[PDB]
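Enquirer: If it helps, the file is called query.pdb and holds PDB, N, CA and C atoms:
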ATOM      1  N   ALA W   1      11.749 -11.417 -21.593  1.00  0.00           N
ATOM      2  CA  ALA W   1      12.292 -12.734 -21.207  1.00  0.00           C
ATOM      3  C   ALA W   1      11.204 -13.807 -21.287  1.00  0.00           C
ATOM      4  N   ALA W   2      11.595 -15.085 -21.331  1.00  0.00           N
ATOM      5  CA  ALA W   2      10.692 -16.245 -21.393  1.00  0.00           C
ATOM      6  C   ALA W   2      10.620 -17.029 -20.064  1.00  0.00           C
ATOM      7  N   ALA W   3      11.614 -16.879 -19.183  1.00  0.00           N
ATOM      8  CA  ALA W   3      11.562 -17.362 -17.802  1.00  0.00           C
ATOM      9  C   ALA W   3      10.578 -16.518 -16.958  1.00  0.00           C
ATOM     10  N   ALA W   4      10.059 -17.089 -15.863  1.00  0.00           N
ATOM     11  CA  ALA W   4       9.140 -16.418 -14.927  1.00  0.00           C
ATOM     12  C   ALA W   4       7.901 -15.787 -15.607  1.00  0.00           C
ATOM     13  N   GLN W   5       7.409 -16.410 -16.685  1.00  0.00           N
ATOM     14  CA  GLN W   5       6.389 -15.866 -17.591  1.00  0.00           C
ATOM     15  C   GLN W   5       4.975 -15.722 -16.995  1.00  0.00           C
ATOM     16  N   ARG W   6       4.621 -16.510 -15.969  1.00  0.00           N
ATOM     17  CA  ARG W   6       3.299 -16.506 -15.321  1.00  0.00           C
ATOM     18  C   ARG W   6       3.039 -15.221 -14.531  1.00  0.00           C
ATOM     19  N   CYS W   7       1.777 -14.969 -14.211  1.00  0.00           N
ATOM     20  CA  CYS W   7       1.302 -13.800 -13.467  1.00  0.00           C
ATOM     21  C   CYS W   7       0.400 -14.185 -12.289  1.00  0.00           C
ATOM     22  N   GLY W   8       0.123 -13.232 -11.394  1.00  0.00           N
ATOM     23  CA  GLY W   8      -0.743 -13.484 -10.238  1.00  0.00           C
ATOM     24  C   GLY W   8      -0.141 -14.471  -9.236  1.00  0.00           C
ATOM     25  N   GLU W   9      -0.981 -15.216  -8.517  1.00  0.00           N
ATOM     26  CA  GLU W   9      -0.528 -16.207  -7.526  1.00  0.00           C
ATOM     27  C   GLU W   9       0.305 -17.340  -8.149  1.00  0.00           C
ATOM     28  N   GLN W  10       0.004 -17.749  -9.385  1.00  0.00           N
ATOM     29  CA  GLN W  10       0.805 -18.725 -10.137  1.00  0.00           C
ATOM     30  C   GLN W  10       2.156 -18.117 -10.529  1.00  0.00           C
ATOM     31  N   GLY W  11       2.127 -16.837 -10.902  1.00  0.00           N
ATOM     32  CA  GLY W  11       3.256 -15.969 -11.217  1.00  0.00           C
ATOM     33  C   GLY W  11       4.077 -15.491 -10.020  1.00  0.00           C
ATOM     34  N   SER W  12       4.110 -16.250  -8.917  1.00  0.00           N
ATOM     35  CA  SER W  12       4.849 -15.912  -7.688  1.00  0.00           C
ATOM     36  C   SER W  12       4.511 -14.502  -7.167  1.00  0.00           C
ATOM     37  N   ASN W  13       3.239 -14.106  -7.289  1.00  0.00           N
ATOM     38  CA  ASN W  13       2.702 -12.774  -6.987  1.00  0.00           C
ATOM     39  C   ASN W  13       3.408 -11.592  -7.688  1.00  0.00           C
ATOM     40  N   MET W  14       3.833 -11.790  -8.939  1.00  0.00           N
ATOM     41  CA  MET W  14       4.306 -10.746  -9.861  1.00  0.00           C
ATOM     42  C   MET W  14       3.277 -10.561 -10.987  1.00  0.00           C
ATOM     43  N   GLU W  15       2.617  -9.408 -11.051  1.00  0.00           N
ATOM     44  CA  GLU W  15       1.506  -9.144 -11.978  1.00  0.00           C
ATOM     45  C   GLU W  15       1.973  -8.689 -13.386  1.00  0.00           C
ATOM     46  N   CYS W  16       1.130  -8.830 -14.423  1.00  0.00           N
ATOM     47  CA  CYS W  16       1.389  -8.232 -15.750  1.00  0.00           C
ATOM     48  C   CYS W  16       1.159  -6.698 -15.705  1.00  0.00           C
ATOM     49  N   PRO W  17       1.773  -5.883 -16.586  1.00  0.00           N
ATOM     50  CA  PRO W  17       1.762  -4.433 -16.404  1.00  0.00           C
ATOM     51  C   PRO W  17       0.845  -3.583 -17.301  1.00  0.00           C
ATOM     52  N   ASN W  18       0.439  -2.505 -16.641  1.00  0.00           N
ATOM     53  CA  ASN W  18      -0.211  -1.235 -16.974  1.00  0.00           C
ATOM     54  C   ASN W  18      -1.553  -1.306 -17.714  1.00  0.00           C
ATOM     55  N   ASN W  19      -1.927  -2.514 -18.100  1.00  0.00           N
ATOM     56  CA  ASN W  19      -3.113  -2.848 -18.901  1.00  0.00           C
ATOM     57  C   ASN W  19      -3.284  -4.362 -19.061  1.00  0.00           C
ATOM     58  N   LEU W  20      -2.162  -5.070 -19.183  1.00  0.00           N
ATOM     59  CA  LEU W  20      -2.125  -6.473 -19.576  1.00  0.00           C
ATOM     60  C   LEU W  20      -2.841  -7.325 -18.526  1.00  0.00           C
ATOM     61  N   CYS W  21      -3.805  -8.106 -18.983  1.00  0.00           N
ATOM     62  CA  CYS W  21      -4.767  -8.806 -18.155  1.00  0.00           C
ATOM     63  C   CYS W  21      -4.228 -10.176 -17.770  1.00  0.00           C
ATOM     64  N   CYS W  22      -4.410 -10.520 -16.503  1.00  0.00           N
ATOM     65  CA  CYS W  22      -3.919 -11.766 -15.935  1.00  0.00           C
ATOM     66  C   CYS W  22      -5.064 -12.764 -15.744  1.00  0.00           C
ATOM     67  N   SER W  23      -5.109 -13.808 -16.573  1.00  0.00           N
ATOM     68  CA  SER W  23      -6.136 -14.866 -16.519  1.00  0.00           C
ATOM     69  C   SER W  23      -6.149 -15.636 -15.191  1.00  0.00           C
ATOM     70  N   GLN W  24      -7.247 -16.343 -14.903  1.00  0.00           N
ATOM     71  CA  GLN W  24      -7.413 -17.101 -13.654  1.00  0.00           C
ATOM     72  C   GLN W  24      -6.348 -18.186 -13.417  1.00  0.00           C
ATOM     73  N   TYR W  25      -5.780 -18.748 -14.492  1.00  0.00           N
ATOM     74  CA  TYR W  25      -4.712 -19.757 -14.465  1.00  0.00           C
ATOM     75  C   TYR W  25      -3.292 -19.142 -14.443  1.00  0.00           C
ATOM     76  N   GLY W  26      -3.170 -17.808 -14.456  1.00  0.00           N
ATOM     77  CA  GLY W  26      -1.893 -17.104 -14.301  1.00  0.00           C
ATOM     78  C   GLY W  26      -1.169 -16.755 -15.592  1.00  0.00           C
ATOM     79  N   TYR W  27      -1.885 -16.383 -16.656  1.00  0.00           N
ATOM     80  CA  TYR W  27      -1.296 -16.039 -17.954  1.00  0.00           C
ATOM     81  C   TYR W  27      -1.643 -14.610 -18.378  1.00  0.00           C
ATOM     82  N   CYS W  28      -0.654 -13.906 -18.922  1.00  0.00           N
ATOM     83  CA  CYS W  28      -0.785 -12.542 -19.434  1.00  0.00           C
ATOM     84  C   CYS W  28      -1.361 -12.500 -20.862  1.00  0.00           C
ATOM     85  N   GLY W  29      -2.334 -11.621 -21.107  1.00  0.00           N
ATOM     86  CA  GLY W  29      -2.926 -11.404 -22.434  1.00  0.00           C
ATOM     87  C   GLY W  29      -4.073 -10.393 -22.417  1.00  0.00           C
ATOM     88  N   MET W  30      -4.896 -10.394 -23.469  1.00  0.00           N
ATOM     89  CA  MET W  30      -6.100  -9.557 -23.598  1.00  0.00           C
ATOM     90  C   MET W  30      -7.295 -10.341 -24.174  1.00  0.00           C
ATOM     91  N   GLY W  31      -8.508  -9.999 -23.721  1.00  0.00           N
ATOM     92  CA  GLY W  31      -9.775 -10.599 -24.166  1.00  0.00           C
ATOM     93  C   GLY W  31     -10.501 -11.414 -23.089  1.00  0.00           C
ATOM     94  N   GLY W  32     -11.592 -12.088 -23.454  1.00  0.00           N
ATOM     95  CA  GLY W  32     -12.515 -12.766 -22.534  1.00  0.00           C
ATOM     96  C   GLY W  32     -11.913 -13.849 -21.622  1.00  0.00           C
ATOM     97  N   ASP W  33     -10.788 -14.474 -21.977  1.00  0.00           N
ATOM     98  CA  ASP W  33     -10.050 -15.402 -21.112  1.00  0.00           C
ATOM     99  C   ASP W  33      -9.123 -14.705 -20.098  1.00  0.00           C
ATOM    100  N   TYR W  34      -8.753 -13.440 -20.330  1.00  0.00           N
ATOM    101  CA  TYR W  34      -7.732 -12.710 -19.561  1.00  0.00           C
ATOM    102  C   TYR W  34      -8.317 -11.507 -18.810  1.00  0.00           C
ATOM    103  N   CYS W  35      -9.014 -10.621 -19.529  1.00  0.00           N
ATOM    104  CA  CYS W  35      -9.679  -9.421 -19.015  1.00  0.00           C
ATOM    105  C   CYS W  35     -11.128  -9.686 -18.565  1.00  0.00           C
ATOM    106  N   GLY W  36     -11.680 -10.864 -18.885  1.00  0.00           N
ATOM    107  CA  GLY W  36     -13.030 -11.288 -18.505  1.00  0.00           C
ATOM    108  C   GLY W  36     -13.168 -11.663 -17.023  1.00  0.00           C
ATOM    109  N   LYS W  37     -14.246 -12.377 -16.679  1.00  0.00           N
ATOM    110  CA  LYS W  37     -14.661 -12.639 -15.289  1.00  0.00           C
ATOM    111  C   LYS W  37     -13.574 -13.268 -14.400  1.00  0.00           C
ATOM    112  N   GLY W  38     -12.688 -14.112 -14.936  1.00  0.00           N
ATOM    113  CA  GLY W  38     -11.630 -14.807 -14.189  1.00  0.00           C
ATOM    114  C   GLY W  38     -10.392 -13.965 -13.860  1.00  0.00           C
ATOM    115  N   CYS W  39     -10.355 -12.689 -14.256  1.00  0.00           N
ATOM    116  CA  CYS W  39      -9.188 -11.821 -14.108  1.00  0.00           C
ATOM    117  C   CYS W  39      -8.625 -11.765 -12.670  1.00  0.00           C
ATOM    118  N   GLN W  40      -7.307 -11.919 -12.532  1.00  0.00           N
ATOM    119  CA  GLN W  40      -6.577 -11.691 -11.284  1.00  0.00           C
ATOM    120  C   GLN W  40      -6.042 -10.251 -11.195  1.00  0.00           C
ATOM    121  N   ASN W  41      -5.567  -9.684 -12.313  1.00  0.00           N
ATOM    122  CA  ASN W  41      -4.899  -8.372 -12.414  1.00  0.00           C
ATOM    123  C   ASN W  41      -5.027  -7.787 -13.839  1.00  0.00           C
ATOM    124  N   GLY W  42      -4.529  -6.565 -14.053  1.00  0.00           N
ATOM    125  CA  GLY W  42      -4.570  -5.852 -15.335  1.00  0.00           C
ATOM    126  C   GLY W  42      -5.898  -5.127 -15.551  1.00  0.00           C
ATOM    127  N   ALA W  43      -6.220  -4.830 -16.805  1.00  0.00           N
ATOM    128  CA  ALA W  43      -7.344  -3.953 -17.168  1.00  0.00           C
ATOM    129  C   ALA W  43      -8.683  -4.707 -17.316  1.00  0.00           C
ATOM    130  N   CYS W  44      -9.098  -5.391 -16.250  1.00  0.00           N
ATOM    131  CA  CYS W  44     -10.290  -6.238 -16.238  1.00  0.00           C
ATOM    132  C   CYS W  44     -11.610  -5.475 -16.437  1.00  0.00           C
ATOM    133  N   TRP W  45     -12.557  -6.142 -17.090  1.00  0.00           N
ATOM    134  CA  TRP W  45     -13.860  -5.606 -17.504  1.00  0.00           C
ATOM    135  C   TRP W  45     -14.918  -5.572 -16.380  1.00  0.00           C
ATOM    136  N   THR W  46     -14.612  -6.095 -15.186  1.00  0.00           N
ATOM    137  CA  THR W  46     -15.531  -6.207 -14.030  1.00  0.00           C
ATOM    138  C   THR W  46     -15.942  -4.857 -13.455  1.00  0.00           C
TER     139      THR W  46
END
Written as structure tokens, how would this file's structure read?

Expert:
Amino acid sequence: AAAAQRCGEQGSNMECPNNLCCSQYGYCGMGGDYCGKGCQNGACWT
């Protein structure tokens, strides 16, 4: 779906799943903006 797309605290406390990294601004993806230092949830590198 395209509704309720955000994650973490911006995402109404609904996280991305099983690996998918949640950026500091509340967006699901992979790499240094999502899995890097700002990570809220998912497979973070910390």

Enquirer: Which neighbours of residue 7 (chain W) fall inside 6 Å, counting all atoms listed in the file, when residues of the same chain fewer than 5 positions from it are skipped, and could you give them as a PyMOL selection string?

Expert: chain W and resi 12-16+26-28

Enquirer: Counting all atoms listed in the file, which residue out of W:3, W:22, W:17, W:9 sits closest to residue 34 (chain W)?

Expert: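 Ranked by minimum distance to residue 34 (chain W), first place goes to W:22.
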
Enquirer: With all atoms listed in the file as the atoms that count, which of W:2, W:43, W:8, W:36 lies nearest to residue 20 (chain W)?

Expert: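 Closest to residue 20 (chain W), using all atoms listed in the file: W:43.
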
Enquirer: Please report, as a PyMOL selection string, each residue of chain W to which DSSP assigns strand (DSSP E) when run on this structure's backbone.

Expert: chain W and resi 21-22+28-29

Enquirer: Considering all atoms listed in the file, return as a ChimeraX atom specification whatever protein or nucleic-acid residues lie within 8 Å of residue 33 (chain W), sequence-local ones (same chain, fewer than 3 positions apart) excluded.

Expert: /W:21-25,27,29-30,36-39

Enquirer: What separation in Å, quoted to one decimal, exists between atom C of residue 42 (chain W) and CA of residue 19 (chain W)?

Expert: 4.9 Å

Enquirer: Given 5 Å on each side, where is the centre and what are the edge lengths in Å to one decimal of the axis-aligned box enclosing the listed atoms of region 29-44 of chain W, as JSON?

Expert:
{"center_x": -8.5, "center_y": -9.7, "center_z": -17.7, "size_x": 22.3, "size_y": 21.4, "size_z": 23.0}

Enquirer: Just give me the gap between CA of residue 46 (chain W) and atom C of residue 18 (chain W) in Å, one decimal is fine.

Expert: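 Pair CA of residue 46 (chain W) / atom C of residue 18 (chain W) returns 15.3 Å.
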
Enquirer: Quick one: pull the distance between atom N of residue 5 (chain W) and atom C of residue 45 (chain W), Å, one decimal.

Expert: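 Separation of atom N of residue 5 (chain W) and atom C of residue 45 (chain W): 24.8 Å.
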